[PDB]
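Listing of my_file.cif, mmCIF, C-alpha atoms
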data_structure
loop_
_atom_site.group_PDB
_atom_site.id
_atom_site.type_symbol
_atom_site.label_atom_id
_atom_site.label_comp_id
_atom_site.auth_asym_id
_atom_site.auth_seq_id
_atom_site.Cartn_x
_atom_site.Cartn_y
_atom_site.Cartn_z
ATOM 1 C CA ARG O 1 83.511 103.578 119.975
ATOM 2 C CA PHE O 2 86.830 102.960 118.347
ATOM 3 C CA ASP O 3 88.715 99.854 119.452
ATOM 4 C CA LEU O 4 92.442 100.565 119.274
ATOM 5 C CA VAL O 5 94.351 103.678 118.336
ATOM 6 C CA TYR O 6 97.888 104.367 117.386
ATOM 7 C CA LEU O 7 100.161 107.348 117.170
ATOM 8 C CA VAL O 8 103.036 107.601 114.811
ATOM 9 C CA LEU O 9 106.413 108.496 116.294
ATOM 10 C CA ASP O 10 109.040 111.103 115.442
ATOM 11 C CA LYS O 11 112.503 112.059 116.654
ATOM 12 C CA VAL O 12 115.791 113.285 115.212
ATOM 13 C CA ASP O 13 116.580 109.591 114.644
ATOM 14 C CA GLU O 14 119.756 109.951 112.611
ATOM 15 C CA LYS O 15 120.187 106.337 111.512
ATOM 16 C CA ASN O 16 116.581 106.114 110.306
ATOM 17 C CA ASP O 17 116.073 109.574 108.800
ATOM 18 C CA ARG O 18 119.197 108.943 106.749
ATOM 19 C CA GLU O 19 117.649 105.623 105.736
ATOM 20 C CA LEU O 20 114.384 107.382 104.885
ATOM 21 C CA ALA O 21 116.420 109.683 102.668
ATOM 22 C CA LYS O 22 117.715 106.610 100.836
ATOM 23 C CA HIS O 23 114.146 105.674 99.927
ATOM 24 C CA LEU O 24 113.586 109.092 98.381
ATOM 25 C CA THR O 25 117.079 108.959 96.955
ATOM 26 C CA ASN O 26 115.530 106.191 94.881
ATOM 27 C CA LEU O 27 112.093 106.169 93.175
ATOM 28 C CA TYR O 28 113.076 108.966 90.858
ATOM 29 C CA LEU O 29 115.566 107.382 88.457
ATOM 30 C CA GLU O 30 114.606 105.171 85.471
ATOM 31 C CA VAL O 31 104.120 89.166 93.778
ATOM 32 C CA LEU O 32 102.719 92.707 93.883
ATOM 33 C CA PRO O 33 99.566 92.483 91.757
ATOM 34 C CA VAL O 34 96.969 95.132 90.994
ATOM 35 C CA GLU O 35 93.881 92.914 90.569
ATOM 36 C CA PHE O 36 94.857 89.418 91.755
ATOM 37 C CA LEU O 37 94.846 90.283 95.456
ATOM 38 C CA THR O 38 91.653 92.297 94.976
ATOM 39 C CA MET O 39 89.715 89.338 93.681
ATOM 40 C CA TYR O 40 91.511 87.289 96.337
ATOM 41 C CA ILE O 41 89.812 89.153 99.178
ATOM 42 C CA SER O 42 86.438 89.807 97.533
ATOM 43 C CA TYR O 43 86.002 86.099 97.089
ATOM 44 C CA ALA O 44 87.319 85.434 100.576
ATOM 45 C CA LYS O 45 84.940 87.578 102.603
ATOM 46 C CA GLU O 46 81.532 85.961 102.201
ATOM 47 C CA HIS O 47 82.117 82.422 101.037
ATOM 48 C CA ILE O 48 83.738 80.720 104.012
ATOM 49 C CA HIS O 49 82.470 81.955 107.367
ATOM 50 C CA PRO O 50 84.867 80.402 109.855
ATOM 51 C CA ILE O 51 84.334 78.738 113.198
ATOM 52 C CA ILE O 52 85.469 79.170 116.793
ATOM 53 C CA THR O 53 86.644 76.410 119.147
ATOM 54 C CA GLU O 54 87.768 76.004 122.771
ATOM 55 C CA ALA O 55 91.420 76.288 121.668
ATOM 56 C CA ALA O 56 91.132 80.082 121.630
ATOM 57 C CA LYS O 57 88.983 80.723 124.696
ATOM 58 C CA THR O 58 91.397 79.076 127.131
ATOM 59 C CA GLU O 59 94.222 81.439 126.199
ATOM 60 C CA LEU O 60 91.710 84.274 125.844
ATOM 61 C CA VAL O 61 90.740 84.310 129.501
ATOM 62 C CA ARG O 62 94.414 83.845 130.378
ATOM 63 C CA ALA O 63 95.124 87.180 128.746
ATOM 64 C CA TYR O 64 92.487 89.281 130.433
ATOM 65 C CA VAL O 65 92.958 88.101 134.009
ATOM 66 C CA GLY O 66 96.539 89.347 133.792
ATOM 67 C CA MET O 67 95.317 92.400 131.942
ATOM 68 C CA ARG O 68 93.113 93.311 134.887
ATOM 69 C CA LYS O 69 96.181 92.949 137.112
ATOM 70 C CA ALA O 70 88.248 99.546 129.720
ATOM 71 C CA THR O 71 86.396 96.467 130.918
ATOM 72 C CA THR O 72 84.637 94.698 128.062
ATOM 73 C CA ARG O 73 84.831 97.137 125.155
ATOM 74 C CA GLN O 74 88.354 95.858 124.643
ATOM 75 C CA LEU O 75 87.118 92.274 124.998
ATOM 76 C CA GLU O 76 84.481 92.366 122.286
ATOM 77 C CA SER O 77 86.729 93.814 119.632
ATOM 78 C CA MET O 78 89.780 91.728 120.545
ATOM 79 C CA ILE O 79 88.231 88.583 119.103
ATOM 80 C CA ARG O 80 86.994 90.201 115.899
ATOM 81 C CA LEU O 81 90.398 91.012 114.491
ATOM 82 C CA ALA O 82 91.519 87.728 116.000
ATOM 83 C CA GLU O 83 88.809 86.101 113.924
ATOM 84 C CA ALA O 84 89.652 88.041 110.767
ATOM 85 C CA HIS O 85 93.363 87.251 110.968
ATOM 86 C CA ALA O 86 92.385 83.614 111.237
ATOM 87 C CA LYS O 87 90.040 84.343 108.350
ATOM 88 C CA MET O 88 92.858 85.942 106.360
ATOM 89 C CA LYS O 89 95.919 83.718 106.696
ATOM 90 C CA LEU O 90 94.021 80.402 106.765
ATOM 91 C CA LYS O 91 90.832 80.659 104.690
ATOM 92 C CA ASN O 92 89.190 77.626 106.275
ATOM 93 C CA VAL O 93 88.722 77.417 110.048
ATOM 94 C CA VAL O 94 89.664 78.858 113.448
ATOM 95 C CA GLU O 95 93.236 79.206 114.711
ATOM 96 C CA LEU O 96 94.557 78.845 118.267
ATOM 97 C CA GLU O 97 97.793 80.824 117.760
ATOM 98 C CA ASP O 98 96.175 83.771 115.969
ATOM 99 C CA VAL O 99 95.741 85.395 119.375
ATOM 100 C CA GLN O 100 99.411 86.148 119.987
ATOM 101 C CA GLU O 101 99.221 88.658 117.150
ATOM 102 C CA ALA O 102 95.948 89.872 118.602
ATOM 103 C CA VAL O 103 97.709 90.619 121.869
ATOM 104 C CA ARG O 104 100.626 91.940 119.834
ATOM 105 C CA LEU O 105 98.652 94.821 118.354
ATOM 106 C CA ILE O 106 96.643 95.773 121.432
ATOM 107 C CA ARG O 107 99.725 95.758 123.648
ATOM 108 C CA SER O 108 101.090 98.381 121.284
ATOM 109 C CA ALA O 109 97.747 100.150 121.599
ATOM 110 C CA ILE O 110 98.205 100.638 125.350
ATOM 111 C CA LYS O 111 101.778 101.842 124.869
ATOM 112 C CA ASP O 112 100.245 105.195 123.871
ATOM 113 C CA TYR O 113 98.946 105.846 127.412
ATOM 114 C CA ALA O 114 101.885 105.801 129.839
ATOM 115 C CA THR O 115 102.199 109.635 130.210
ATOM 116 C CA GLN O 116 91.147 114.544 133.616
ATOM 117 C CA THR O 117 88.816 112.912 131.086
ATOM 118 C CA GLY O 118 89.430 109.215 131.795
ATOM 119 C CA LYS O 119 91.978 110.058 134.472
ATOM 120 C CA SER O 120 91.467 111.009 138.119
ATOM 121 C CA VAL O 121 94.962 111.494 139.608
ATOM 122 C CA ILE O 122 94.551 115.264 139.370
ATOM 123 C CA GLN O 123 90.904 114.657 140.313
ATOM 124 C CA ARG O 124 91.719 112.934 143.586
ATOM 125 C CA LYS O 125 93.467 116.117 144.735
ATOM 126 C CA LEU O 126 91.600 119.017 143.098
ATOM 127 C CA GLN O 127 88.225 118.299 144.706
ATOM 128 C CA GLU O 128 89.860 117.754 148.107
ATOM 129 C CA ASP O 129 91.767 121.015 148.628
ATOM 130 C CA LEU O 130 88.982 123.051 147.017
ATOM 131 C CA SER O 131 86.692 121.538 149.647
ATOM 132 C CA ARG O 132 89.136 122.924 152.227
ATOM 133 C CA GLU O 133 89.347 126.566 151.070
ATOM 134 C CA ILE O 134 85.612 127.043 151.666
ATOM 135 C CA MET O 135 85.442 125.900 155.287
ATOM 136 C CA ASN O 136 88.222 128.181 156.562
ATOM 137 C CA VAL O 137 86.965 131.638 155.549
ATOM 138 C CA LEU O 138 83.376 130.583 156.274
ATOM 139 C CA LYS O 139 84.557 130.023 159.848
ATOM 140 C CA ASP O 140 86.324 133.412 159.860
ATOM 141 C CA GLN O 141 83.552 135.455 158.243
ATOM 142 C CA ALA O 142 80.195 135.962 159.966
ATOM 143 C CA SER O 143 78.616 136.599 156.555
ATOM 144 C CA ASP O 144 78.704 134.605 153.326
ATOM 145 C CA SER O 145 80.265 137.523 151.464
ATOM 146 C CA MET O 146 83.155 136.572 149.189
ATOM 147 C CA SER O 147 84.190 139.095 146.560
ATOM 148 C CA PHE O 148 86.223 138.491 143.420
ATOM 149 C CA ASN O 149 89.363 140.352 144.504
ATOM 150 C CA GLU O 150 89.741 138.046 147.528
ATOM 151 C CA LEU O 151 89.524 134.710 145.708
ATOM 152 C CA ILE O 152 92.208 135.599 143.151
ATOM 153 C CA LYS O 153 94.386 136.678 146.104
ATOM 154 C CA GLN O 154 93.655 133.569 148.170
ATOM 155 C CA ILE O 155 93.789 130.442 146.003
ATOM 156 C CA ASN O 156 96.145 131.305 143.130
ATOM 157 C CA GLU O 157 99.115 131.446 145.506
ATOM 158 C CA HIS O 158 98.410 129.011 148.368
ATOM 159 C CA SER O 159 99.780 126.323 146.031
ATOM 160 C CA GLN O 160 101.319 126.359 142.553
ATOM 161 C CA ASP O 161 99.890 122.975 141.495
ATOM 162 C CA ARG O 162 96.729 124.420 139.904
ATOM 163 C CA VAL O 163 96.367 126.552 136.772
ATOM 164 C CA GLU O 164 95.461 130.238 137.081
ATOM 165 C CA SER O 165 92.145 130.735 135.261
ATOM 166 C CA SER O 166 91.717 127.701 133.010
ATOM 167 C CA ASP O 167 90.110 125.508 135.699
ATOM 168 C CA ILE O 168 89.008 127.917 138.458
ATOM 169 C CA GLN O 169 85.959 129.052 136.487
ATOM 170 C CA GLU O 170 84.797 125.446 136.055
ATOM 171 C CA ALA O 171 85.694 124.847 139.709
ATOM 172 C CA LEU O 172 82.674 126.871 140.843
ATOM 173 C CA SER O 173 79.990 125.517 138.480
ATOM 174 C CA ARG O 174 79.951 122.204 140.371
ATOM 175 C CA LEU O 175 79.690 124.147 143.648
ATOM 176 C CA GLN O 176 76.767 125.926 142.016
ATOM 177 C CA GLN O 177 75.226 122.442 141.794
ATOM 178 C CA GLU O 178 76.324 121.269 145.285
ATOM 179 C CA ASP O 179 74.308 123.733 147.490
ATOM 180 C CA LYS O 180 77.175 126.056 148.342
ATOM 181 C CA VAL O 181 77.354 129.271 146.347
ATOM 182 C CA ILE O 182 75.736 131.467 143.672
ATOM 183 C CA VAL O 183 76.967 133.674 140.814
ATOM 184 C CA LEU O 184 76.386 137.427 140.696
ATOM 185 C CA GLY O 185 78.605 138.696 137.867
ATOM 186 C CA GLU O 186 82.369 139.205 137.831
ATOM 187 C CA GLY O 187 82.214 140.546 141.384
ATOM 188 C CA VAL O 188 80.343 139.796 144.615
ATOM 189 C CA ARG O 189 79.060 136.258 145.362
ATOM 190 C CA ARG O 190 76.855 134.606 148.000
ATOM 191 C CA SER O 191 77.909 131.493 149.947
ATOM 192 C CA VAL O 192 76.443 128.772 152.220
ATOM 193 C CA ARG O 193 75.091 129.318 155.740
ATOM 194 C CA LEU O 194 73.905 127.217 158.680
ATOM 195 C CA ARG H 1 102.056 121.821 102.481
ATOM 196 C CA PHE H 2 104.063 124.773 101.131
ATOM 197 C CA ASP H 3 107.772 125.110 100.395
ATOM 198 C CA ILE H 4 109.019 128.709 100.709
ATOM 199 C CA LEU H 5 107.898 132.058 102.070
ATOM 200 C CA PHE H 6 108.889 135.693 101.848
ATOM 201 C CA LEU H 7 108.086 139.015 103.455
ATOM 202 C CA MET H 8 107.727 142.695 102.578
ATOM 203 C CA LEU H 9 108.569 144.238 105.946
ATOM 204 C CA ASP H 10 109.363 147.956 106.131
ATOM 205 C CA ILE H 11 112.311 149.104 108.226
ATOM 206 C CA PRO H 12 113.223 152.829 108.364
ATOM 207 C CA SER H 13 116.417 153.464 106.394
ATOM 208 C CA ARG H 14 117.419 156.918 105.205
ATOM 209 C CA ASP H 15 119.573 156.144 102.159
ATOM 210 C CA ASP H 16 117.053 153.826 100.525
ATOM 211 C CA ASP H 17 113.951 155.962 100.947
ATOM 212 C CA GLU H 18 115.312 159.150 99.403
ATOM 213 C CA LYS H 19 116.399 156.950 96.529
ATOM 214 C CA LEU H 20 112.881 155.563 96.704
ATOM 215 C CA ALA H 21 111.704 159.174 96.792
ATOM 216 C CA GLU H 22 113.556 159.958 93.581
ATOM 217 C CA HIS H 23 112.213 156.627 92.321
ATOM 218 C CA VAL H 24 108.585 157.697 92.570
ATOM 219 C CA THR H 25 109.035 161.341 91.625
ATOM 220 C CA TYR H 26 110.981 160.614 88.425
ATOM 221 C CA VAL H 27 107.903 159.061 86.849
ATOM 222 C CA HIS H 28 105.860 162.255 87.036
ATOM 223 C CA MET H 29 107.854 164.942 85.226
ATOM 224 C CA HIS H 30 108.555 162.664 82.287
ATOM 225 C CA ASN H 31 106.371 159.687 81.522
ATOM 226 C CA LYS H 32 109.042 156.988 81.139
ATOM 227 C CA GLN H 33 110.468 154.736 83.871
ATOM 228 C CA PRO H 34 113.507 152.802 82.451
ATOM 229 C CA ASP H 35 117.135 153.201 83.590
ATOM 230 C CA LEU H 36 120.126 151.445 85.243
ATOM 231 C CA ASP H 37 121.923 150.101 82.109
ATOM 232 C CA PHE H 38 119.456 147.298 81.446
ATOM 233 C CA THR H 39 118.285 146.745 77.901
ATOM 234 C CA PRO H 40 114.542 145.959 78.101
ATOM 235 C CA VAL H 41 113.594 142.577 76.682
ATOM 236 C CA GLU H 42 110.451 141.642 74.781
ATOM 237 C CA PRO H 43 108.251 139.161 76.686
ATOM 238 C CA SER H 44 107.847 136.885 73.673
ATOM 239 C CA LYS H 45 111.556 136.054 73.781
ATOM 240 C CA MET H 46 111.585 134.563 77.254
ATOM 241 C CA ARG H 47 108.205 132.978 76.511
ATOM 242 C CA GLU H 48 109.897 131.177 73.665
ATOM 243 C CA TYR H 49 112.812 130.523 76.004
ATOM 244 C CA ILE H 50 110.458 129.040 78.606
ATOM 245 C CA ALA H 51 108.635 126.982 75.982
ATOM 246 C CA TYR H 52 111.949 125.723 74.650
ATOM 247 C CA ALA H 53 113.142 125.037 78.193
ATOM 248 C CA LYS H 54 109.894 123.167 78.861
ATOM 249 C CA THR H 55 110.847 120.845 75.991
ATOM 250 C CA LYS H 56 114.066 119.527 77.568
ATOM 251 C CA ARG H 57 113.364 117.750 80.923
ATOM 252 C CA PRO H 58 116.864 116.560 81.930
ATOM 253 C CA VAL H 59 117.378 113.523 84.148
ATOM 254 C CA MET H 60 119.534 113.784 87.255
ATOM 255 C CA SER H 61 122.824 111.979 87.942
ATOM 256 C CA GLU H 62 123.842 110.156 91.116
ATOM 257 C CA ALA H 63 126.097 112.775 92.747
ATOM 258 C CA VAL H 64 123.134 115.123 93.182
ATOM 259 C CA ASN H 65 121.166 112.724 95.386
ATOM 260 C CA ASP H 66 124.388 112.070 97.263
ATOM 261 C CA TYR H 67 124.620 115.794 97.897
ATOM 262 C CA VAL H 68 121.078 116.262 99.128
ATOM 263 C CA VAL H 69 121.115 113.465 101.727
ATOM 264 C CA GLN H 70 123.964 115.301 103.419
ATOM 265 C CA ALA H 71 122.012 118.505 102.829
ATOM 266 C CA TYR H 72 118.911 117.163 104.571
ATOM 267 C CA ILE H 73 120.940 115.894 107.525
ATOM 268 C CA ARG H 74 122.389 119.376 107.917
ATOM 269 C CA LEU H 75 118.839 120.586 107.406
ATOM 270 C CA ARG H 76 117.650 118.132 110.075
ATOM 271 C CA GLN H 77 120.131 118.931 112.818
ATOM 272 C CA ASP H 78 119.864 122.732 113.087
ATOM 273 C CA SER H 79 116.071 122.750 112.823
ATOM 274 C CA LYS H 80 116.133 120.232 115.697
ATOM 275 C CA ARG H 81 118.124 122.694 117.815
ATOM 276 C CA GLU H 82 115.723 125.617 118.281
ATOM 277 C CA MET H 83 112.358 123.936 119.076
ATOM 278 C CA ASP H 84 111.000 127.368 119.987
#
Show the structure stored in the file as structure tokens.
Amino acid sequence: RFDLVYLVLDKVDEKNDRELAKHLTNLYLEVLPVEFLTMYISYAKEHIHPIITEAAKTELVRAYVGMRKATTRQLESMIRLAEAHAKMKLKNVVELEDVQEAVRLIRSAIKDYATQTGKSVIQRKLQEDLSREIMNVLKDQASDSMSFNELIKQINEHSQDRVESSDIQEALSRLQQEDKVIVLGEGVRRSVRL
Amino acid sequence: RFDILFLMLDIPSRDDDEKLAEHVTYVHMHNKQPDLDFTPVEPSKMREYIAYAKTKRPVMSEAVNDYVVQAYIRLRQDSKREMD
């Protein structure tokens, strides 16, 4: 529902934090209008409603086909601020080179995501090995009995790639939906049979 | 959004507390609490001193802002050492 985000940065940054001190060193001792720009935009929002030509769409598809190398949420909003920047700097008509600053801001938008919710790298491995730890003991045990003291002492220490209790409780609610197991308190369970 | 903090933690310490014991027991046999060679001051006097001090508002020089930019750098570096 939002189009592009940004994060502000921070570090020690000794050449810049010293420079930021120089700003606050000043502004204590001793055209940038207050109304002229305000009437400049409030005229310029509803009077001229600008156009769109082929000169933008040819470069526009040239951006996304390399971008595919979201789907269309990013595509709908990417023209709107491209339109408004053409509406701002040239209060007449469309621009063809207004899109390099469109791709300037959104390329900085995707810089914030280099590094579960929109990601599946942990989710291509967590559903696999948890589909393995059922089939082994269910081929050892003639019953479907699996108590709580066994599962803490089986799957917390086979591998150290999974968290202890933050995701093992939600690991079983999907198996509650996928015709495997049932819940009977913080103890005994009941598993799948053939 | 604040600037400074304090604390009122209690550590066991023998010499202070017996002095603190005489501190609280002295107020019962008599009724007066003053001591320790301090002449007590009327609150109107400092109130006039505050109100006179509130009518000055001095303006800083340049060497002070030169001394705080080096202060903030030395404030920046050690705070960026712990990270704990």
When the PyMOL selection byres ((chain H) within 10 of (chain O)) is applied to the structure above, which residues does it catch, written out as a VMD selection string? chain H and resid 59 to 62 64 to 66 68 to 70 72 to 73 76 to 77 79 to 80
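The shortest atom-to-atom distance to residue 89 of chain O, with all atoms listed in the file taken into account, belongs to O:40 out of O:5, O:164, O:183, O:40.
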Given the file shown, determine the residues that the PyMOL selection byres ((chain O and resi 148) around 10) selects; report them as a ChimeraX atom specification. /O:146-147,149-153,185-189
Evaluate the PyMOL selection byres ((chain O and resi 119-128) around 10) here and jot the selected residues down as a ChimeraX atom specification. /O:116-118,129-133,161-162,167,171
Separation of atom CA of residue 1 of chain O from atom CA of residue 97 of chain O, in Å and rounded to one decimal: 27.0 Å
Residues at most 7 Å from segment 176-182 of chain O, counting all atoms listed in the file, excluding those fewer than 4 positions away in the same chain, as a list in words?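 In the requested format, the answer is residues 172, 189, 190, 191 and 192 of chain O.
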Polymer residues at most 12 Å from residue 96 of chain O, only C-alpha atoms, same-chain spacing of 3 or more positions, as a list in words: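 Listing them by chain and then by number gives residues 51, 52, 53, 54, 55, 56, 57, 58, 59, 60, 79, 82, 83, 85, 86, 90, 93, 99, 100, 101 and 102 of chain O.
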Between O:143, O:165, O:16, O:74, which one has atoms that come closest to residue 110 of chain O, using only C-alpha atoms?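 Among the listed residues, O:74 lies closest to residue 110 of chain O.
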Suppose you want the space between atom CA of residue 115 of chain O and atom CA of residue 72 of chain O; what is it in Å?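 Between atom CA of residue 115 of chain O and atom CA of residue 72 of chain O the gap works out to 23.2 Å.
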Nearest-residue call for residue 62 of chain O, choices O:140, O:103, O:113, O:159, using only C-alpha atoms: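 With only C-alpha atoms as the atom set, the closest residue is O:103.
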Record the distance separating atom CA of residue 6 of chain O and atom CA of residue 111 of chain O, expressed in Å with one decimal.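 Value for the atom CA of residue 6 of chain O-atom CA of residue 111 of chain O distance: 8.8 Å.
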Around segment 162-175 of chain O, with edges along x, y and z and 4 Å added on all six sides, what centre and edge lengths do you get, in Å to one decimal, as AutoDock Vina command-line options?
--center_x 88.2 --center_y 126.5 --center_z 138.3 --size_x 25.0 --size_y 16.5 --size_z 18.6
Using all atoms listed in the file, determine which residues lie at most 12 Å from segment 35-39 of chain H, disregarding the query and same-chain residues fewer than 3 positions distant; provide the list as a list in words.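 The residues that qualify are residues 23, 26, 27, 32 and 42 of chain H.
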